[PDB]
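> just dropping in an experimental structure and the matching sequence.
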Amino acid sequence: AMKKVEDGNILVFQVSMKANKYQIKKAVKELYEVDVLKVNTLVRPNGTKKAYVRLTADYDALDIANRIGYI
Amino acid sequence: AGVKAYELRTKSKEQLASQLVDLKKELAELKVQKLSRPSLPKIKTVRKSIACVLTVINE
Amino acid sequence: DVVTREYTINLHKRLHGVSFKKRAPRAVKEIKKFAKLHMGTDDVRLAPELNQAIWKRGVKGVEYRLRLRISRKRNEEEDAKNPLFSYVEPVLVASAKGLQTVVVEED
Amino acid sequence: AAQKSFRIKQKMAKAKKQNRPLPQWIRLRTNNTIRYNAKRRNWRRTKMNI
Amino acid sequence: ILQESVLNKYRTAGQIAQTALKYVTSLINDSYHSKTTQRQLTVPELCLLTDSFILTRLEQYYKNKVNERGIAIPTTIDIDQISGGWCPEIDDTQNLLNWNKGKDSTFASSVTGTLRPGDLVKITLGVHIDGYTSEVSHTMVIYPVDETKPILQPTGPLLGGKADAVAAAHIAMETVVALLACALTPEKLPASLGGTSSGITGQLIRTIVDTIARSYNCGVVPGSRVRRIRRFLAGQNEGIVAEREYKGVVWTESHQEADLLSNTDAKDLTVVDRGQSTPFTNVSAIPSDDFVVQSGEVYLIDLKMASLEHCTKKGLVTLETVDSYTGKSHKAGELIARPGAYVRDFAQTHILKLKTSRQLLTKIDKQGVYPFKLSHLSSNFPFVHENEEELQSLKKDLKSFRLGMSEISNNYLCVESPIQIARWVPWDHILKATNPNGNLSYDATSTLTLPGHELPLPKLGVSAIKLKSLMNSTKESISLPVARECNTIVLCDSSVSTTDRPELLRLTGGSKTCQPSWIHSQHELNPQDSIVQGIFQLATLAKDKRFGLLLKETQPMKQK
Amino acid sequence: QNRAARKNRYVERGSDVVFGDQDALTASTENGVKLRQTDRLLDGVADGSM
RNA sequence: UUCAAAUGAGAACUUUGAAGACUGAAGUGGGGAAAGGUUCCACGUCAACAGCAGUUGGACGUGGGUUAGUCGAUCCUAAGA
């Protein structure tokens, strides 16, 4: 996840099973005010679903990654 | 510590909902933070506070 | 007493009338036992080159007369057995016959 | 089979989450009866039959 | 040549450090004290510009003769309960305020870097040159100035228990420097502690510092260090990196404990003496018998003293680590901060899975083996001209550097630098507290220093985890500020200076760089009795010279 | 042969004479598992005696 | 099947190297369908098992990993229900 974040500027989150692509897009936009180029999801065998979010060239995931708290 | 209903119930809808949203953001940040260490006793107070706020809103 | 005395070995002496499947292992065992009897040690090591030479003709076609040399070496420290130690090494010759045991001076 | 239905995959996920030995700190309580969990299962021996 | 080279390098490092410290002191005085030029700035930016200035002044020395130079210790500008190593970063002000929004009663200014008056700020610094290091530390106190007189000298002397503790630290430093100086050919010690037949070991210094602490009614935090320094090893790693051949004396809570004939109850309770072997640590374990001072080497003297506020009875002062997760508890004076100093253990060799991680790992490999800050790495670090485009480029690089550092921490290729807070616990709680086991064997921290080298409490067999748990499970828990200072000592020879006898050079010391704040009070090494040895020692250190003494001090240098 | 006189001085690097032998490895290898992740067995009990 | 080296308290069997071999492309390979369901892989570890030993594992303990407007279901219908 960290390697992809550094390379492709793609964030990765863990989402509830109920949500879908549109819900993820609306949530990220309304909570971070960031433009999302692409969104994808994948339910891991553990039981929850994670998601990959590709932003625009106008934004860098490093800023939000440092600001949220996890490094 | 935490929040108690007998003094929490003395507010209107707007500010109480705003406080609920702020503490939801706080709990989301705490959930992000708890990835590293396995034990964090502070989240119990957060859960009880959010439950109390939601219940008083409903009532 | 580090010595080096190139001997000669014929396989036909000790490989006669043995199973085709184990010709090479029998050759290996006979070679190590021959070194043991003609040196008087406890630890014997073979050479990868000698293994190549013995297997090279075939698994069931080992050549009879092979030339080998035996070197005594002092064992390293913390060796509870003894300083005695034998190491074998092959050497090819134009003709199998016409050669006998020869001690070679250290150089 | 890479074609399981969502409920089947959920069942398998719950089985995988369940598949673990006992946490060590359990034995440190007072008046304990748990010795080793008998619900542990492995694919080689037991088959859950969905 | 060796003596000349050593003296030149040490003098260069010491003068550079003194110049940096005087510059920082003048800068902070101009910003806050003296003239209120409304140019008030916080701690991180001052630390960064100080580091850049030090790097610029270091770039002009040995740039070609050798290929090894650096800043041994980052310029820590710390406040109050901080033990040391606290270096905030400019980008982390928002993060720290967000973390500390839960409670910022007595430390809001401390975390925001805008010190309130009377904060007892401390500056520590360290510079490395070709494997040799020199360190420096002192303190300053600021409070509102008079406006009637433009000279801006506020009421002269200042009052306070913390100020008295700082004065105790100053006089202790003076005494230890004097006794260390009286270790050369002038064998005649200026005291009844020897002078004709004595090896000058650590016992005398222990007695002297204990007497000074008792006289000033201020405790000593167990962080002191009187250690000879060989190249590449100076104790700057505290206890993270194992030191073996060290011949020095350190202060621990296990020390200074009540003796078998201390005329105190101490609740002995016939507790069995700990015959269990100490954990295998490659240390000499305070060889308190052999401390004969010999020439040809260098030494570091670092004294930190903990003040004693209103406490009902005597207790114990120790150090508590600080986390950065806010998930522990809530207190009126709980501090949350992320340490910024990190070191790499070259013993472990491993590769990681990030291009940025690889790049920064190789860069820090090129960098010397000493504690460093993330901001210490910058292709634009020297700051030729002051502006904000360079600052923002530095931050945009620091983001990726922080990510790679987090990757390094996630793998096992670094060690966090602990941040300690001096906290006091009465002996009664420890004496009457539960002791389930005589050992800890935690084996779950990062690495190394599991029992703190020597056991934290060989007497009574108390472990570190239990000690800290008991400490946080208290009711008074009075916090004690620490006054810290340090300096370097170099011995000399007739060959070193044929002009005079073998002398002693004090590096990062002297009044010209360690003038204390105007402080006057009482309860200061009371006269009469047998305590007069210290007063006699100070008078003799003042009057030793017939017409010139064998002690010299370095001096700073102008900017241009 | 003398051309190889380039890495001859490179064996010396300094830096505590290459960190002063292998001492951090012994303490760092004591952990049952590596990396920074939550262990449901190790993290359950803090005290080493327990 | 053979020898050497290394690890390792301890090597006919663990790893590598040096040889000999066989499967001989309707294979002991490369993919998959039913089924199997975390066994894939990484790290520390071998009392229990791999009828023999195991320093090794499809074993033990902790974790990582499956990204679909174009691939299949979801759309339609047969014998049927």
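That came through fine. Residues are numbered from 1 along each chain as shown, chains lettered A, B, ... in the order given.
> so what's residue A:17 closest to, chain neighbours aside?
Sequence neighbours aside, residue A:49 is the residue nearest to residue A:17 in space, at 5.7 Å (criterion: Cβ to Cβ, 6 or more residues apart in numbering or on different chains). (C-beta placed from N, C-alpha, C; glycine too.)
> wait, I meant residue E:438
The shortest distance from residue E:438 to any non-neighbouring residue, by Cβ to Cβ, 6+ apart, is to residue E:461 (4.1 Å).
> in chain A, what residue is nearest chain E?
Checking chain A residue by residue against chain E with Cβ to the nearest Cβ singles out residue A:71 as nearest, at 3.6 Å.
> for that residue, what are its contacts?
Residues counted as contacts of residue A:71 (Cβ atoms under 8 Å, 6 or more residues apart in numbering or on different chains) are A:65, E:402-403, E:405-406.
> try 6 Å this time
Contacts here follow Cβ atoms under 6 Å, 6 or more residues apart in numbering or on different chains; on that basis residue A:71 touches E:402, E:406.
> so what's the residue count around the residue in chain C positioned nearest to chain E?
Scanning chain C for proximity to chain E using Cβ to the nearest Cβ identifies residue C:78 as nearest, at 24.1 Å. The burial count assigned to residue C:78 is 5, neighbours taken as other Cβ atoms under 10 Å in any protein chain shown.
> which SS state does the closest residue to RNA strand G within chain B fall under?
Taking Cβ to the nearest atom of the strand as the measure, chain B has residue B:38 as its residue closest to RNA strand G, at 8.3 Å. Taken by DSSP: H, G, I helix; E, B strand; the rest coil, the conformation at residue B:38 corresponds to coil.
> do whatever helix or strand residue E:405 lives in and chain B meet at all?
When secondary structure is defined by DSSP states H and E, residue E:405 falls within helix E:389-410. No. In terms of Cβ under 6 Å from any Cβ of the partner chain, no part of helix E:389-410 sits within range of chain B; the closest distance is 9.1 Å.
> coming back round to it: and the residue nearest to residue A:17, how far is that from residue A:5?
Here the distance between residue A:49 and residue A:5 works out to 19 Å (Cβ to Cβ, to the nearest Å).
> next secondary structure after the helix or strand harbouring residue A:24?
Assignment of secondary structure by DSSP H and E places residue A:24 within helix A:21-32. Per DSSP H and E, helix A:21-32 leads on to strand A:36-43 as the next helix or strand towards the C-terminus.
> so where do the strands sit in chain D?
Counting by DSSP state E, chain D yields no residue ranges for strands.
> next one: chain E
Taking DSSP E to define them, one finds strands in chain E at E:69-79, E:121-129, E:132-140, E:225-229, E:248-250, E:298-306, E:315-321, E:342-343, E:415-416, E:420-426, E:482-491, E:504-507, E:551-553.
> for stretch E:139-159, which positions count as buried?
Along stretch E:139-159, the positions that meet the burial threshold by neighbour count (16 or more other Cβ atoms under 10 Å in any protein chain shown) are E:139-142, E:145, E:154, E:158.
> next one: stretch E:308-322
Within stretch E:308-322, the residues that qualify as buried are E:308, E:315-320, E:322, counting by 16+ other Cβ under 10 Å.
> likewise for stretch C:28-38?
Of the residues in stretch C:28-38, those buried by neighbour count under the rule 16+ other Cβ under 10 Å are C:28, C:30-31, C:34-35.
> taking the residues you listed one by one, which sit in helices?
Using DSSP state H to define helices, the subset of the buried residues of stretch C:28-38 located there is C:28, C:30-31, C:34-35.
> wait, which of those is closest to residue E:547?
Proximity to residue E:547 was ranked across those by Cβ to Cβ; first place goes to residue C:35, at 88.7 Å.
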